[PDB]
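[1] Any chance you can model this:
(7 chains)
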Amino acid sequence: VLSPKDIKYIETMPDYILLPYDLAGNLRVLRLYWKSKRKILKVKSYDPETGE
Amino acid sequence: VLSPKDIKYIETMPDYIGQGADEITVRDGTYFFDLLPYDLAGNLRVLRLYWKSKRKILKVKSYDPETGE
Amino acid sequence: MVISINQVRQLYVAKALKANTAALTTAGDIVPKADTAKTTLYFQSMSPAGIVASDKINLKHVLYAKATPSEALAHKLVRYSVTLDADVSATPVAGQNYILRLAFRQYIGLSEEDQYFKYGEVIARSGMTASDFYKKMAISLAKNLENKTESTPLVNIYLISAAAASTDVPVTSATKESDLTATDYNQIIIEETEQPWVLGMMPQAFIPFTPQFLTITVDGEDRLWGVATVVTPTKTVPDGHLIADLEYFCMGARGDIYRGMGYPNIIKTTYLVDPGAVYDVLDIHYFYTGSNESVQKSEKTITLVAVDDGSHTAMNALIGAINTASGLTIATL
Amino acid sequence: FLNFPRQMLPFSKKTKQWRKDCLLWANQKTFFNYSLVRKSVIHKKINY
Amino acid sequence: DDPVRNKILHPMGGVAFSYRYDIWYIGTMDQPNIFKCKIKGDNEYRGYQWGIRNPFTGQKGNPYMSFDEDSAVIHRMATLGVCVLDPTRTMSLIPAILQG
Amino acid sequence: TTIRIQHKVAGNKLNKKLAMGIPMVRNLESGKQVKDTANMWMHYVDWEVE
Amino acid sequence: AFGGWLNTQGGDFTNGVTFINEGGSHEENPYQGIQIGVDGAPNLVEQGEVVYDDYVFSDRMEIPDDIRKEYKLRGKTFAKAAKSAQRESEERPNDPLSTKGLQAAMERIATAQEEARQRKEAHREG
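    Numbering: from 1, shown residues only, chains lettered A, B, ... in the order given. For reference, the structure is listed below:
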């Protein structure tokens, strides 16, 4: 899922052998997870065989 | 059971707060400045009320057909 | 126009001094009221629909009370003396194109990134004297800038002769070579113009510029042509349009906050400032403290405005009336 | 942005820039929590 | 060429800062010569004091009041700097009309 | 170097809907005034402070 | 979908009454009905009729006053009279007394509708 532009940003990072880098040459990776709202529909369907 | 008007009240609410224990700022880099429906954390006051109401019912005396009971 | 406030600003127009509330007859009257124990100052002012007062100024809680003259709020329209730089050539070099660029900076939008560029042009010829040059370039600078069909007035452009050297002869799009009959022209004066002003909707704002010259070859070298020096301004716009906008904003603090939003349905406020006269400003800036552990200041200001007649008599009577009733050291300007 | 971008949306309006405006908000306004059942980070770091 | 900050005009047109020549990088250095010094951990303190309402966070009803007025102020602050390790690896050329 | 900012609004502006007589614009980082359509006032208050 | 159901607390609770809606009349539908059941194979219902215990309360008929004063109906139609006898039991579908109160009242409108069918058939054949 990394584009070839994003491999270059990992590649062009400064050689350290708010803050995107560490002094061990690491990358700050922020994982965010949230509970969005989604629209669903409750459908009530009479089955043709029985009526349930 | 929530109406889309009631989701719009849930949606427009506090969800971020700010630093906390003109403000004088102390502690250097860790700067420290020196019945209500939200919790200053992004929560909602769900008050639930349970109560015993009164219901009018009928006690009805009937007769069994096959035996006179 | 919209101004900055220190948490409020309310304006009263001092059209009269009546010394008591029983003499308030016409709209716009002012009495500075205070009691014997000089602790509260307020202004019973006659509005066009009754008598109205101000918030009650605690005279232990004033911060500054300074009255300004009407000469201190006049924008001086800047000028530029465009001449021939004598170092390159005292005479116009007889083959060159003599072009001057005006770099305007507020255009139709405020930022200094909204710009506008206008030009004047004269081909210099043999035997053309410097006075025949400024007669030829002030016309060509007026045909582009003092035109009838431009969107907004940009600059006013004059000529200055060497005999009088104090009066300016105006050059416009209709002035011909035969109207400017003088042989001792020595500069071209480029002056700012007052932009159009609409009450409350179009504030008083100006268009600056810088007369920049183009390069004309002399002995092979492409030497910049002229020099432009900022001479002292002689024309100022009055205070009529800043105080007329200042009553329009500060009436929304004491009254309706919107002004025309929906026009079958508005509260028409009657305004008291003539926009065609100059006005003095007096600002009593104060605050409101309590008696608790939560005490400190809700800062306020009251603007009083009296008419200026040349020697500030209608304002100094207000200062002389506030100084006796309240006992403050407001400087009589 | 003011808050977290509007979640009560149809699924087609949750475009590439709506998701990025959500994630840019977490970059900026997510450092200070009045956690109700947790201790402070400076308190926990002292314990380790 | 930004004319909002650059206000002195050059005699040949444009702003005076346009005629300034800067060679930022001369050779390679094996370490970053110019870098932006930022403190580890100093996220900017988003800080609101408020009264009974908070218009930014959207909070109606305050348990801990700073004061008693309908106000909400933001206070934010950042400690920041930069560092140029070798200013001899960087040659500039400034117009003198900017007056040094 | 330590910088700071400050802005103050009343508490009346919590959910003040902007009845747009003129369309309310935002100032971009580029300098351009871009148009916006958010009806709440506080969206244009924390945007001008970042 | 609100038709005789109490969709609360994540669950779907019915009192037995089936509000057969959204279709249309018999003659407006392609299929000519909602075809609730094939159990007669074309068991076809319309938008107004309601069902309790596989018994269909018709919306086409009316309530005569001779069987309004007896059997004690409240609505203008047999469908609207079964839509008013279930008003108590549609909010308390797990109640023991209300499921007795609903079953007792639905048999009355069953005997009210069946008396209207035989008195109509005697009128047309007579």
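[2] For residue A:22, list the residues it contacts.
    For residue A:22, the contacting residues are A:16, A:28, by C-beta atoms under 8 Å, 6 or more residues apart in numbering or on different chains. C-beta here means a position set from N, CA and C on the backbone, and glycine is covered the same way.
[3] Distance of it relative to residue E:93?
    36 Å (C-beta to C-beta, to the nearest Å).
[4] count of residues packed around the closest residue to residue G:71 other than its chain neighbours?
    Using C-beta to C-beta, 6 or more residues apart in numbering or on different chains and skipping residues adjacent in sequence, the residue nearest residue G:71 is residue G:112, 4.3 Å away. Neighbour count of residue G:112, defined by other C-beta atoms under 10 Å in any protein chain shown: 21.
[5] which of the residues in whichever strand in chain E runs longest are buried?
    Criterion DSSP state E: the longest strand present in chain E is strand E:71-79. Neighbour-count burial for strand E:71-79 flags E:71-78 (criterion: 16 or more other C-beta atoms under 10 Å in any protein chain shown).
[6] One more: stretch C:273-291?
    C:273, C:275, C:278-287.
[7] And stretch E:33-49, by the same measure?
    Buried-residue list, stretch E:33-49, by 16+ other C-beta under 10 Å: E:33, E:42-49.
[8] out of those residues, who's near chain B?
    Residues of the buried residues of stretch E:33-49 in contact with chain B (C-beta under 8 Å from any C-beta of the partner chain): E:42, E:45-49.
[9] restrict those residues to contacts with chain F.
    Okay, of those, nothing touches chain F (C-beta under 8 Å from any C-beta).
[10] and which of these is nearest to chain D?
    Using C-beta to the nearest C-beta, residue E:46 is the member of those that sits closest to chain D, with 6.5 Å.
[11] rewinding a little: using a markdown table, lay out the buried residues of stretch E:33-49 together with distance to residue C:227.
    Shown next, in a markdown table, are the buried residues of stretch E:33-49 (distance: C-beta to C-beta, whole Å):
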| residue | distance to residue C:227 |
| --- | --- |
| E:33 | 43 |
| E:42 | 52 |
| E:43 | 54 |
| E:44 | 49 |
| E:45 | 53 |
| E:46 | 53 |
| E:47 | 54 |
| E:48 | 56 |
| E:49 | 56 |
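[12] Which of those fall within helices?
    Applying DSSP state H to the buried residues of stretch E:33-49, no entry is found in helices.
[13] Same list (the residues you listed) but as CSV, adding distance to chain C.
    What follows is the buried residues of stretch E:33-49, written out as CSV (distance: C-beta to the nearest C-beta, whole Å):
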residue, distance to chain C
E:33, 32
E:42, 30
E:43, 31
E:44, 25
E:45, 23
E:46, 23
E:47, 19
E:48, 18
E:49, 13
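[14] List just the nearest of the residues you listed to residue C:215.
    The closest of the buried residues of stretch E:33-49 to residue C:215 turns out to be residue E:33 (C-beta to C-beta; 39.0 Å).
[15] follow-up on the earlier one: can you say which helix or strand has the residue nearest to residue G:71 in it?
    Using DSSP states H and E, the element containing residue G:112 is helix G:96-125.
[16] Pull out the buried positions in that helix.
    G:98, G:101-102, G:105-106, G:108-110, G:112-113, G:116.
[17] Now tabulate those in CSV and tack on distance to residue C:131.
    Output for these, formatted as CSV (distance: C-beta to C-beta, whole Å):
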residue, distance to residue C:131
G:98, 111
G:101, 115
G:102, 112
G:105, 115
G:106, 115
G:108, 119
G:109, 115
G:110, 118
G:112, 118
G:113, 116
G:116, 118
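[18] Identify, from those residues, the entry nearest to chain C.
    residue G:98 (54.4 Å).
[19] Check whether the residue lying closest to the closest one once chain neighbours are set aside sits in a helix, strand or coil.
    Excluding its sequence neighbours, the residue lying closest to residue G:98 (C-beta to C-beta, 6+ apart) is residue G:89, at 4.2 Å. Secondary structure, DSSP: H, G, I helix; E, B strand; the rest coil: residue G:89 is coil.
[20] hang on, the earlier thing: out of the buried residues of helix G:96-125, which comes closest to chain A?
    The closest of these, once distances to chain A are taken by C-beta to the nearest C-beta, is residue G:106, at 16.4 Å.
[21] Mind giving me the packing neighbours of the longest strand of chain E?
    Applying 3 or more C-beta pairs under 8 Å, 6 or more residues apart in numbering or on different chains; DSSP states H and E, one finds that strand E:71-79 contacts strand E:47-50, strand F:2-10.
[22] Ok, which of those comes nearest residue C:196?
    Closest among the helices and strands packed on strand E:71-79, using C-beta to C-beta: strand F:2-10, at 33.1 Å.
[23] what comes into contact with the helix or strand that that closest one is followed by?
    Per DSSP H and E, the first helix or strand lying C-terminal to strand F:2-10 is strand F:25-27. Strand F:25-27 is contacted by residues F:33-36, F:44, F:47-48 when judged by C-beta under 8 Å, 6+ apart.
[24] Over to stretch G:89-108?
    B:57, G:4, G:6, G:13-17, G:52-53, G:55, G:71-72, G:82, G:85-86, G:88.
[25] These in strands, which ones?
    Going by DSSP E, the strands hold G:6, G:13-14, G:17, G:52, G:55 from these.
[26] Nearest to residue C:327 among those?
    Taking the ones in strands among the contacts of stretch G:89-108 together and measuring to residue C:327 by C-beta to C-beta, the closest member is residue G:6, at 77.6 Å.
[27] From residue C:119, how far out is the nearest residue to residue E:98 once chain neighbours are set aside?
    Distances taken as C-beta to C-beta, 6+ apart put residue E:16 closest to residue E:98, at 5.5 Å, once the chain neighbours are dropped. Using C-beta to C-beta, one gets 22 Å for the distance from residue E:16 to residue C:119.
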